[PDB]
Structures are given as C-alpha cells and as structure tokens.
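Commentary on secondary and tertiary structure
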Amino acid sequence: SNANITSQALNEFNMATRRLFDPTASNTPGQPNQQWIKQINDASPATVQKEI
Amino acid sequence: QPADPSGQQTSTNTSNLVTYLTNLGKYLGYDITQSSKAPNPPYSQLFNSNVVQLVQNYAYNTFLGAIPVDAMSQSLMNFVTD
Amino acid sequence: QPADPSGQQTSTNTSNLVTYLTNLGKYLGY
C-alpha cells in the first residue's frame, strides 16, 4: 500500500545531496519545501542548531 | 508639583534599557524595533522531521539489508544472536 | 492633578520593552 523502493547507494546519495540541491524541491520563492539553502536563509538559530 | 528625582532617574534608566536592548538585538544580527520583520508565526522545531526521519530509517534498513550474508540457514545469516 | 511626564515616559518605555522582548523571542524562533 505504501511500498517504496530504495537502494543502499541511492539512499546514501539522497542523504548526502538532499541539502545541496533537491529536484523535488521548489525552485520558485513563495512555495513550501524550498531548497535547503534558502530555508537556512530564513531559519531561526534554534532550527539551524538542530539541523547542525 | 515637586518633581521626584526618582521618577526622572527611572525614566532615564528605562530609556537606557530600551536603547541597550535595541543595540543587543542589532549585535545579534536582528532588527528589533519593528514586529513586522520578525517571524510570524515563530518556528523552533526542525524544517520537516518526518522526511528526514524517513530518510534515516530507510538508510538504516538499506545498510542492514544490502550487505551480503552467508545464506545457508535462517540461523546462519544472523547479525546478532539474542 | 496634572500628571508628571516621568510616569508617561516610563509607561511608553516599558511598553516598548514588552514589544522588543516579544520581537526578540520571535526572532530566536519562540
């Protein structure tokens, strides 16, 4: 019902490069789930500390 | 009326307090004077804990499963006994 | 009786303090 296919190498890739560029992210300002850099640009100090 | 010096001194102290709070806000990197530029609503939690949690769980599962194991019996491919 | 300006000044200062603390809390993310 929610079967999702992933591999070891693919998961490592999506782990390492989900914070650099995300093809599933939104590239236009004003939408949610934007790029990680842009989200950091607006995040609070506590949020970026947790992300660290 | 006879002005109390305590009132004037407290007025100067409070103005100094507001100035010093503004300066501290500026030093920390924020502009405190206007509430509009402040975040609304504020956010303290992670961006999206659900998606990252899913990624970590899937990574743990993939590491556990991908590694090739001796497959001759159900009790022979175990990683940890009890 | 006429009001001493010190009281009004302190009231405005304290309201500004309330506002500034709320903005600082919002900026930190709370």
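Residues numbered from 1 in each chain as written, not as in the entry; some residues may be left out. Chains lettered and ligands numbered in written order. Part of a larger assembly, values for the part shown. Heavy atoms only, no water.

The deposited coordinates, according to the entry record, derive from cryo-EM at 3.63 Å resolution.

What chain C contains, in helices and strands, is 1 helix and 0 strands. Projected onto its principal axes, the C-alpha coordinates of chain C cover approximately 45 × 10 × 5 Å. Per-residue burial for chain C yields a buried fraction of 30% across its 30 residues. Working note: accessible area of chain C is about 1800 Å², and carbon and sulfur atoms make up 68% of it. (Helix = DSSP H or I, 4+ residues; strand = E, 2+ residues; numbered from the N terminus. Buried < 20%, exposed > 50% of the residue type's maximum accessible area, 1.4 Å probe, protein only. Areas by Shrake-Rupley, 256 points an atom, 1.4 Å probe, with all protein chains shown as cover.)

We now examine the interface of chain C and chain B. Across the boundary between the two partners, chain C contributes 18 residues, which contact 23 residues of chain B. Each partner contributes to the roughly 2000 Å² buried at the junction of chain C and chain B, and carbon and sulfur atoms together form 64% of this total. Contact with chain B buries area across many residues of chain C, yet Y20(C), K26(C) and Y27(C) alone supply 37% of it, more than any other trio. The interface formed by chain C and chain B includes 11 residue pairs in polar contact. (Contact = heavy atoms within 4.5 Å. Buried area = accessible area lost by both parts, 1.4 Å probe. Polar contact = N/O pair within 3.5 Å; in protein donor to acceptor, adjacent residues only side chain to side chain.)

Right, let's get into the nonpolar core. Ranked by size, the top nonpolar core spans 6 residues in total: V18(B), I32(B), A38(B), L17(C), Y20(C) and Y27(C). Counting residues per element, this core draws most heavily on helix α1 (residues 5-28) of chain C, which supplies 3 residues. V18(B) has contacts with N13(C), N16(C), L17(C) and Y20(C), leaving out every residue within four places of it along the chain. (Core = buried A, V, L, I, M, F, W, Y, C linked by side-chain atoms within 4.5 Å.)

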